[PDB]
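Note on naming: letters A, B, ... go to the chains in the order of the sequence lines (proteins, then strands), and numbering restarts at 1 for each one.
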There are 2 protein chains.
Amino acid sequence: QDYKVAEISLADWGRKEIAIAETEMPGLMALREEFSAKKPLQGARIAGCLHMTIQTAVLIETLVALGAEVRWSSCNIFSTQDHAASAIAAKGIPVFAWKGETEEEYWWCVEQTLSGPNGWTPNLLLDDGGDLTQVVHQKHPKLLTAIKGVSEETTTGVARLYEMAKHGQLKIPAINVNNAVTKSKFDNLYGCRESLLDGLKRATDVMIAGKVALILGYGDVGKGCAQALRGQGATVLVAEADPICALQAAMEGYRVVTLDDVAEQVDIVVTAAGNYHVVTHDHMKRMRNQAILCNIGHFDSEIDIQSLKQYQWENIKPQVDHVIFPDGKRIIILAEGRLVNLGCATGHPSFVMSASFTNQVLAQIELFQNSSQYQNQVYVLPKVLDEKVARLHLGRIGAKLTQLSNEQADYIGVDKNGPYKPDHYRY
Amino acid sequence: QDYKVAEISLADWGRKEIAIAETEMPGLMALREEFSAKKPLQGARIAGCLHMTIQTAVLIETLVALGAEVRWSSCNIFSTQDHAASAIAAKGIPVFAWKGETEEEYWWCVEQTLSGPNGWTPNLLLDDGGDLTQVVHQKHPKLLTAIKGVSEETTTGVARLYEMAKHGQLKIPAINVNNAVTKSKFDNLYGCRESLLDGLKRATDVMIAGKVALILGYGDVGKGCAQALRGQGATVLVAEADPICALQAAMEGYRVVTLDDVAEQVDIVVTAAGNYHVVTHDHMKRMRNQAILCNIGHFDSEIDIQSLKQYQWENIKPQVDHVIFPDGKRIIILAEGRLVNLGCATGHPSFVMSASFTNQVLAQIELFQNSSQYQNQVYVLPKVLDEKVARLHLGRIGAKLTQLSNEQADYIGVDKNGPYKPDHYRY
Ligand SMILES: NC(=O)c1ccc[n+]([C@@H]2O[C@H](COP(=O)([O-])OP(=O)(O)OC[C@H]3O[C@@H](n4cnc5c(N)ncnc54)[C@H](O)[C@@H]3O)[C@@H](O)[C@H]2O)c1
Ligand SMILES: NC(=O)c1ccc[n+]([C@@H]2O[C@H](COP(=O)([O-])OP(=O)(O)OC[C@H]3O[C@@H](n4cnc5c(N)ncnc54)[C@H](O)[C@@H]3O)[C@@H](O)[C@H]2O)c1
Ligand SMILES: Nc1ncnc2c1ncn2[C@@H]1O[C@H](CO)[C@@H](O)[C@H]1O
Ligand SMILES: Nc1ncnc2c1ncn2[C@@H]1O[C@H](CO)[C@@H](O)[C@H]1O
């Protein structure tokens with residue numbers, strides 16, 4: 001029993017949804033077709049810390065199909081889909097993950113990925129948020145020597161990598177997967193455009209139309225969140241500290257405001273900043289009865305949930321809580337301030353996760369084979385691989401590329417087969 | 001009479017609209033307030049080749065207010081606003097520009113900016129499309145030695161600069177103004193979102209709702225063009241050679257198609273590719289009666305207009321022509337295949353042009369003062385100046401920035417005053 005999941009009998013349900021998801025994830029299935037015979041990951045031993053969803057199940061089985069051995073944990077206490085974890089466990093793949101972990105169980109799960117029977121230890125890390133990278137660096141420095149590198153999924157995780165590199169604390173090569181174009185501009189944006197609304201609806205069933213919704217942060221995540229609620233008839237407000245992002249939001253028709261000014265006016269608050277206490281106690285005290293607060297950024301401290309411990313909490317249903325102020329006023333807190341799309345729904349849909357996870361597999365292949373040519377710094381995959389990820393997803397959604405003629409390729413200074421853009425291109 | 005314009009008596013009308021535009025261009029007016037006393041451009045002699053519009057008039061007078069002497073020409077034969085040129089000429093500023101220049105008049109106008117009375121010669125170039133840069137390099141190499149650098153406005157122009165640098169043909173420093181974030185992601189995108197529709201309507205008065213419109217190219221320009229027509233109820237098709245840009249368009253709900261497939265289906269065709277003959281004779285032969293074709297990319301060869309010389313052309317009104325095929329079928333060609341927003345309307349509105357032109361002024365200041373620390377390569381302005389451009393435009397449209405606290409700045413690794421993003425950030 002080299003696994004730990006909530007209920008193993010959910011395996012067959014997990015398997016059925018994984019079968020569906022495979023048809024939504026052509027990038028991963030294309031990598032299996034291209035590489036399953038050559039097994040480029042034979043000899044790879046991957047410790048993974050990434051939301052144990054149906055989509056991640058397809059990622060795991062792609063790594064295994066390419067020859068890898070893996071041990072897996074989720075990177076959020078609420079993000080596991082128990083039936084996905086059970087389907088993976090039933091294949092004999094070590095997974096330590098369930099929805100609703102305590103803090104202690106969470107770190108125990110991560111630790112289980114770092115050693116396996118017969119002296120199994122990872123030579124690769126696959127991380128989403130930097131927790132696994134931190135544990136290894138801080139608590140298992142002997143394991144560091146054997147680790148060829150880490151590939152990192154999300155914006156907050158890559159920020160932690162850059163802080164480490166700035167102070168000489170990064171001891172392994174790192175591939176920034178977030179800043180592949182086919183990740184940051186798809187997952188972060190179009191993923192949240194669908195899964196923010198999903199989390200809100202499943203949790204509260206709230207009408208979006210006519211509501212005043214505030215998005216704190218207008219980066220890739222906040223951009224998608226704004227589109228989502230705007231499409232359903234909300235008046236969308238945006239807060240930003242970056243004047244360029246603020247000008248973008250203003251040019252899309254959003255009023256750019258501070259929560260200091262508008263706290264009494266909002267029905268729904270979404271933190272998308274990757275920052276600390278952007279929603280304070282005073283903000284929440286000023287909010288109307290039954291205001292809905294959630295966080296779609298990576299950590300639980302975008303909202304100061306600590307400041308709410310002084311009040312009575314009344315649970316409505318799992319991951320949906322009332323906080324009752326002394327005058328009787330209530331606010332609704334989603335997922336105890338943690339990732340609302342994964343905590344209250346199922347995260348992003350399979351199709352866009354295929355783009356993110358095709359980048360992950362390519363990074364693991366590149367680290368496994370060529371980590372010796374990398375320094376202890378953070379890199380991105382080259383554009384030719386970024387474009388390949390895009391190409392592998394066009395067929396599913398019926399998009400037909402125009403082929404450049406010789407003179408057209410020459411005219412704009414590109415090879416007919418790409419890359420089509422200079423490295424400084426922002427899309 | 002050190003100028004050449006269509007009708008000098010239009011000056012007072014030009015002056016009235018320039019006065020209005022100043023209130024729409026807070027970035028330029030802010031630079032005047034900050035720098036008009038210190039005159040950082042005293043001693044600067046700027047030859048400019050850039051659409052002689054009301055907006056460019058505000059740019060010119062900002063350069064002059066900062067101490068510069070300029071000589072100006074337009075970079076398109078149809079893009080001049082005659083009343084803007086007349087207002088500039090009436091100030092005593094040398095301008096050589098009118099709407100409807102012949103090819104010979106066009107290059108004569110450019111040449112006039114390269115020498116003035118009393119042995120006046122430029123020490124700076126301000127270019128939009130690379131024509132002035134080409135003329136100097138190819139036909140005035142003695143003038144090159146005195147030129148401190150060029151600042152270049154648009155995507156096609158910077159591509160020409162990179163081709164030059166790749167072959168050792170660039171002999172002066174160049175600042176890529178297009179790829180300031182506050183240019184490429186605002187001018188190219190939101191500018192075209194309004195001025196493409198403007199050009200189409202003024203030229204043809206065509207209903208957009210219910211039409212099938214094809215956008216060739218889904219870069220910054222094509223992205224804005226698509227939004228424009230989609231907002232007015234067109235079915236918008238997109239063609240792309242770049243799989244990443246294609247996937248973006250598909251994820252916004254556009255069918256990504258080839259003109260080879262859909263020629264019989266389109267009512268309106270817009271080339272936004274910066275490429276050569278993306279619309280061919282056979283495409284146009286297959287199009288329905290009264291199909292509308294236009295180009296919003298920088299040069300007249302996105303559509304093969306040459307292939308239409310074999311047919312009878314019947315003018316409808318200035319810059320709006322019928323091409324009559326042998327079977328009686330007609331197509332409508334806008335502006336002889338040249339920039340439709342500037343040829344058939346007035347280009348982008350003042351507010352977004354203020355963002356582009358605030359970057360231009362900063363680049364000219366940086367070249368004038370520090371060109372000796374630059375090599376003969378193409379550079380961009382640093383992010384701190386990019387963010388300053390954004391800041392200077394927030395007040396006009398009522399956007400209020402959130403100020404980071406000390407711990408929030410530290411938490412994401414930035415200075416409270418910026419820059420807020422790493423150089424690889426794509427917005
Ligand atoms: N839930 C998901 O599925 C998912 C997906 C991708 C990323 N994320 C996470 O979401 C967060 C945001 O990611 P991103 O890619 O959008 O980052 P980003 O850097 O592109 O955008 C964050 C924005 O927040 C703004 N901001 C920071 N502090 C602020 C403050 N106090 N007030 C207002 N605005 C402020 C910044 O100016 C920036 O524009 C990260 O923590 C990332 O890991 C979650
Ligand atoms: N009219 C204006 O006011 C205005 C403003 C800005 C830029 N421009 C001009 O517009 C052009 C496009 O600028 P941009 O910033 O969008 O460039 P971009 O590079 O961002 O976008 C151009 C796109 O065209 C695509 N493409 C190239 N050849 C193609 C083909 N044969 N078929 C289909 N797609 C093809 C490329 O893949 C690319 O995505 C340039 O010439 C630029 O100078 C005009
Ligand atoms: N359904 C999902 N399965 C796995 N990871 C997901 C899912 N939805 C979002 N994520 C990831 O969560 C990360 C933030 O922790 C994002 O960068 C995104 O890739
Ligand atoms: N109204 C306008 N005045 C001046 N330049 C403009 C205007 N509209 C668009 N342009 C410029 O035309 C360039 C293409 O030649 C674009 O990069 C854009 O900056």
Inset, instruction - Give the C-alpha distance, both sets of side-chain angles, the deciding distance and a yes or no for side-chain contact (heavy atoms from CB on, under 4.5 Å) between A/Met353 and A/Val58. - result: CA-CA 10 Å; A/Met353 287 322 298; A/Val58 184; over 6 Å; no
Inset, instruction - Please report the C-alpha distance between A/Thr53 and A/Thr346 in whole Å, then the side-chain angles of each, then the deciding distance to 0.1 Å, and finally whether the side-chain contact (heavy atoms from CB on, under 4.5 Å) criterion is met. - result: CA-CA 7 Å; A/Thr53 60; A/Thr346 61; over 6 Å; no
Inset, instruction - Walk me through it: do A/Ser151 and A/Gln360 pass the test side-chain hydrogen bond (donor to acceptor under 3.5 Å, both in side chains)? - result: CA-CA 7 Å; A/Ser151 57; A/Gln360 276 291 357; 2.6 Å; yes
Inset, instruction - Go through the steps to decide whether B/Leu404 and B/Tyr420 satisfy the test side-chain contact (heavy atoms from CB on, under 4.5 Å), and finish with yes or no. - result: CA-CA 10 Å; B/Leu404 299 177; B/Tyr420 302 96; 4.0 Å; yes
Inset, instruction - Go through the steps to decide whether A/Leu342 and A/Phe78 satisfy the test side-chain contact (heavy atoms from CB on, under 4.5 Å), and finish with yes or no. - result: CA-CA 7 Å; A/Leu342 284 142; A/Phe78 299 136; over 6 Å; no
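Once rounded to the nearest 0.5 Å, the distance linking CD1 of A/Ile268 with CG of A/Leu293 reads 10.0 Å. Expressed to the nearest 0.5 Å, how far CD of A/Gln81 lies from CD1 of A/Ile54 amounts to 5.0 Å. The line from OH of A/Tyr106 to CD1 of A/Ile77 is 9.0 Å long, rounded to the nearest 0.5 Å. Atom CD1 of A/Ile8 sits about 5.0 Å away from atom OG of A/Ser86, to the nearest 0.5 Å. With values rounded to the nearest 0.5 angstrom, A/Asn417 atom CG is found 8.5 Å from A/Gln403 atom CD.
Inter-residue side-chain proximity for A/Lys185 and B/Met251 is flagged as unmet; no heavy-atom pair is nearer than 4.5 Å. Taking the side chain as every heavy atom from C-beta outward, A/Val95 and A/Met52 approach each other to under 4.5 Å. A/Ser356 has its side chain out of reach of A/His348: every pair of non-hydrogen atoms, C-beta onward, lies at least 4.5 Å apart. Looking at B/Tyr254 and B/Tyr218, their side chains come closer than 4.5 Å, going by heavy atoms from C-beta outward. Looking at A/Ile296 and A/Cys225, their side chains come closer than 4.5 Å, going by heavy atoms from C-beta outward. When side chains are defined from C-beta on, A/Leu125 does not count as touching A/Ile46, because their heavy atoms never get closer than 4.5 Å. The side-chain heavy atoms of A/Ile208 and A/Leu200, taken from C-beta on, include a pair separated by under 4.5 Å. Side-chain atoms of A/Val323 and A/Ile305, non-hydrogen and from C-beta on, never get closer than 4.5 Å to each other.
Taking the charged nitrogens against the carboxylate oxygens, A/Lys99 and A/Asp82 have no contact shorter than 4.0 Å, which rules out a salt bridge. Electrostatic pairing of A/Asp198 and A/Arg202 counts as a salt bridge here, judged by a charged N lying under 4.0 Å from a carboxylate O. At a threshold of 4.0 Å, the pair B/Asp242-A/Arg391 does not count as salt-bridged, since none of the basic side-chain nitrogens sits closer than that to a carboxylate oxygen. Looking at A/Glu101 and A/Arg338, no side-chain N of the basic residue comes within less than 4.0 Å of a carboxylate O on the acidic one, giving no salt bridge. Remark: B/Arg426 does not engage A/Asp220 in a salt bridge, criterion side-chain N to carboxylate O under 4.0 Å. By the 4.0 Å N-to-carboxylate-O rule, A/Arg32 lies close enough to A/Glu22 to be salt-bridged with it. Salt-bridge check for A/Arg193 with B/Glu252: passed, with a basic side-chain N closer than 4.0 Å to an acidic carboxylate O.
Side-chain contact of A/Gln134 with A/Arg160: a donor-acceptor pair under 3.5 Å is present, judged by distance alone. In the model, A/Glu111 has no side-chain atom that pairs as donor or acceptor with a side-chain atom of A/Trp107 under 3.5 Å. In the model, A/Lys148 has no side-chain atom that pairs as donor or acceptor with a side-chain atom of A/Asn123 under 3.5 Å. Residues A/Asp127 and A/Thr133 have side chains that bring a donor and an acceptor to within less than 3.5 angstrom of each other. If you check the side chains of A/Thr271 and A/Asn295, you find a donor sitting under 3.5 Å from an acceptor. Side-chain contact check for A/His83 and A/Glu17: at least one donor-acceptor pair (N or O, by modelled atom type) lies under 3.5 Å. In this structure, a donor-acceptor pair under 3.5 Å is absent between the side chains of A/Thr80 and A/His51. Side-chain contact of A/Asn178 with A/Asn188: a donor-acceptor pair under 3.5 Å is present, judged by distance alone. Under 3.5 Å, the side chains of A/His298 and A/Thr156 contain no donor-acceptor pair of N or O atoms.
Screening A/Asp2, A/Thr121, A/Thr113 for a side-chain hydrogen bond (donor to acceptor under 3.5 Å, both in side chains) involving A/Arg71 leaves a single residue, A/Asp2. Between A/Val378 and the choices A/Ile175, A/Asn176, A/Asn179, the side-chain contact (heavy atoms from CB on, under 4.5 Å) rule is met once, by A/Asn176. Of the residues A/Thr182, A/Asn359, A/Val389, A/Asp386, the one that meets the side-chain contact (heavy atoms from CB on, under 4.5 Å) test with A/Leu381 is A/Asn359.
By the 30° and 60° cut-offs, the orientation of the rings of A/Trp98 relative to A/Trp108 is tilted. Aromatic ring pairs are classed by plane angle as parallel below 30°, tilted from 30° to 60° and perpendicular above 60°; the pair B/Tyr411 and A/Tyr276 is tilted.
Between A/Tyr162 and B/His424, a ring centre-to-centre spacing shorter than 6.0 Å is recorded. Two rings, from A/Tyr374 and A/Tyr379, have their centers less than 6.0 Å apart.
Closest of all the heavy-atom pairs between A/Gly129 and A/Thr154 is N-CG2, 3.7 Å. Nearest approach of A/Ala213 to A/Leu229, heavy atoms of both residues: CB-CD1, 3.6 Å.
A donor-acceptor pair is defined here as one N or O able to donate and one able to accept, closer than 3.5 Å; no such pair exists between the side chain of A/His140 and the backbone of A/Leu114.
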